[PDB]
Each structure stands twice: as C-alpha cells, then as structure tokens.
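> Here's my sequence, what's the structure:
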Amino acid sequence: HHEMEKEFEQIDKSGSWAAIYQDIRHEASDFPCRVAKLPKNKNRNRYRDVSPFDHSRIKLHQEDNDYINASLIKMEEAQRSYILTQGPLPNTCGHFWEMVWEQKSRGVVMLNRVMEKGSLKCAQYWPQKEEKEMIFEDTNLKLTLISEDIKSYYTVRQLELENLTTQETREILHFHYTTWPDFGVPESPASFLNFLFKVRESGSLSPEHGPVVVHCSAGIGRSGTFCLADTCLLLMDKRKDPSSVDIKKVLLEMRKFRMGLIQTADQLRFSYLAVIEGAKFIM
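Numbers count the residues shown, from 1 in each chain. Sharing the structure here:
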C-alpha cells in the first residue's frame, strides 16, 4: 500500500524531486547494447548515449542490416506492449515504416514537433499533403495522407501504408501531440491525459494489433512519460486496491526494456501528476 498523492505533496514540500529521481537512475538495470554500438549502425542512432538493449530491440526483417533504434516494452501485469523509438533520421524513415509494417502496428504516437526552438528533432517522415505521397525506396513502402484533423493540443492523421512488393495496404493512425512546451513540462496534465485517452479509444493500444509505436526525439523522455502514465493507470484500474500501485517500481520495470525512460526530475514529477489526476478522472 502506497499513498501517491500524499507522497507527491511531501516530495514537493521538501524539494526532493532530484533526489527521488537520482534513486531511480541508480537503481535502474543495465543490459548489453552490442548491436546498437556496431560501427555500421552509428548513422542509425540519433544520440550516441541512447541505445536499445539487445534483448528487447525490434529487429527489422532483413538480412543486410536488421537494426533500428527501437525497443519493445512488454508490461505483463498491465497486459500492454509498446514500441518506443527515436524520432526518425533522414536515413531511417524507411526503416521506421518497415518496422510499423512488420510489427502490424495500428498507430504511431508522436510527442515532439519536427522543429523545436530552432532545432530539428526528427525528420518529416510522413507526407504533409494528400496529393504528395512519400516513397521509401529502400524498404519498398509508400505512404499517403488520407486525412488530417487538427485539434487544439494534438492532430490525428490517417495514413495509408502500402507494401510496394505486394500492393497490400494498411491504414495507420498518427496521433501527434503538438503542444509539449519548448521548456520544461506542461503545467497541467489535462491536455496530455486527454491525448492519452484519445489514443486508448483509437484502438492503437489494443491487443488485436501489433504494439503502438511511440516516439519523441530520443524516444525516452516524453515517450517514457506517456507509457509510464498509461501503464500506471492500467494497473490502478486492474488491481483491487489502486493505492498499491508504485509508480517508481513501474518505471524501473519499464527501464528494463529501454534505458533512461523519464529524462528529468520535472518529467518524473509530471508523470506523478498525470497518474494522480488521471486516476481521479477515471474512478
């Protein structure tokens, strides 16, 4: 039994977020990342210090080079899986969609804007115009924009992904959270939570499909907040006593699948806030 809310207020009052966060960084498990560090894969990694562990990395179905900086996070008790990956690089957009195709994912969750504070955070990996398809010649995939629905805090697009070898097509939902602040974290978790609920209602997180693909720039900070909040809320609804859910233990378990999830104390505090408010709204 825990008291997340009381604990939260106490950490706030004592100014202990950095200490709490350091405990998590120190207790986090480590696993080999040999494939990610191979010389041939250097240009497939956005950041030299953010790599997928070998045990949980997603493998592309190709003989030449099966590497992509993406990780499968499987939450057993919560019964949910997610693929967390970095924002596509100019040379890995074809790989990204190859992964979406091979894993039979129904949705992609994007938590960054292509350009933020004058810095390119990821490539423009989907077409912005319906009449201008995108062809990924290296992985034999074509992507066409079917619809775009822009809302205040996020945009939902439907994309048609076509396998150029077989002509089979699939529709992918792209849920783009477009308002994460340039500095810090959102002051209120309301919009983030509403976005999470839209993704849940979309079927993108359902077991009838391959795992949702979630990304931000590195695929560990904002992406970690999204999956941590979702899994914690899933556990609070499942268990007999929602107060028994330990957010720190849940984060440590997710970190066994991808390193560095939650990159700052502010993101850890925001994750707590989102789970606390999301729990209330749900119950």
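
> Centre-most residue in this protein?
Centroid check for the chain by C-alpha atoms, centre = their mean gives residue 214 as the closest residue, at 2.8 Å.

> how much space is there between the residue nearest to residue 60 when sequence neighbours are not counted and residue 205?
Setting aside the residues directly before and after it, residue 60 is nearest to residue 66 in space (C-beta to C-beta, 6 or more residues apart in numbering), at 4.6 Å. C-beta here means a position set from N, CA and C on the backbone, and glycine is covered the same way. Distance, residue 66 to residue 205, using C-beta to C-beta, to the nearest Å: 26 Å.

> neighbour-wise, which of those two wins?
Comparing residue 66 with residue 205 by other C-beta atoms under 10 Å, the one with more neighbours is residue 205, at 22 against 14.

> Quick one: the strands in the stretch 1-150 of the chain, in order.
For the stretch 1-150 of the chain, the strands defined by DSSP state E, counting those that start in this stretch cover 57-59, 67-75, 80-85, 107-110, 115-116, 119-120, 134-136, 141-150.

> Columns mean neighbour count and distance to residue 158 on top of those strands, output as CSV?
Shown next, in CSV, are those (neighbours: other C-beta atoms under 10 Å; distance: least, C-beta to C-beta, whole Å):
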stretch, mean neighbour count, distance to residue 158
strand 57-59, 19, 23
strand 67-75, 22, 22
strand 80-85, 25, 20
strand 107-110, 25, 10
strand 115-116, 12, 24
strand 119-120, 10, 25
strand 134-136, 18, 15
strand 141-150, 15, 4
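
> between these, which gets nearest to residue 173?
strand 107-110 (4.2 Å; C-beta to C-beta).

> And for that closest one, what's in contact with it?
Contacts to strand 107-110, defined as C-beta atoms under 8 Å, 6 or more residues apart in numbering, come from residues 87, 100, 172-177, 199, 202-205, 209, 212-216, 223, 226.

> got the CA positions of stretch 198-208 in CSV?
These are the backbone C-alpha positions of stretch 198-208, laid out as CSV (Å, rounded to 0.1, in the frame of the first residue of the first chain):
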residue,chain,number,x,y,z
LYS,A,198,-7.9,9.6,-27.4
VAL,A,199,-5.1,7.2,-28.2
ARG,A,200,-6.7,4.5,-26.0
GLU,A,201,-10.1,5.0,-27.7
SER,A,202,-8.4,4.7,-31.1
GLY,A,203,-7.6,1.0,-30.8
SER,A,204,-3.9,1.8,-31.3
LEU,A,205,-3.1,0.3,-27.9
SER,A,206,-5.3,-2.8,-28.3
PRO,A,207,-4.1,-6.4,-28.3
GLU,A,208,-5.8,-7.1,-31.6
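
> mind listing what's buried in it?
198, 199, 202, 204, 205 (16 or more other C-beta atoms under 10 Å).

> Over to stretch 275-283?
275, 276, 277, 278, 279.

> Identify, from the residues you listed, the entry nearest to residue 244.
residue 279 (12.3 Å).

> circling back to that earlier point, okay, the strands of the stretch 1-150 of the chain in a markdown table with distance to residue 30 next?
Shown next, in a markdown table, are the strands of the stretch 1-150 of the chain (distance: least, C-beta to C-beta, whole Å):
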| stretch | distance to residue 30 |
| --- | --- |
| strand 57-59 | 15 |
| strand 67-75 | 14 |
| strand 80-85 | 17 |
| strand 107-110 | 26 |
| strand 115-116 | 29 |
| strand 119-120 | 29 |
| strand 134-136 | 34 |
| strand 141-150 | 34 |
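
> isn't residue 5 right up against residue 273?
No - counting by C-beta atoms under 8 Å, residue 5 does not reach residue 273; the two are 10.1 Å apart.

> which one of these two has more residues nearby?
Neighbour count, other C-beta under 10 Å: between residue 5 and residue 273, residue 273 has more, with 20 against 14.

> and the closest residue to that one other than its chain neighbours, what is it in contact with?
Spatial nearest neighbour of residue 273, excluding adjacent residues (C-beta to C-beta, 6+ apart): residue 189 at 5.0 Å. If you count contacts by C-beta under 8 Å, 6+ apart, residue 189 has them with 229, 270, 273, 274, 277, 278.

> can you give me phi and psi for residue 189?
Backbone torsions of residue 189, given as degrees, to the nearest 10, read phi -90, psi 0.
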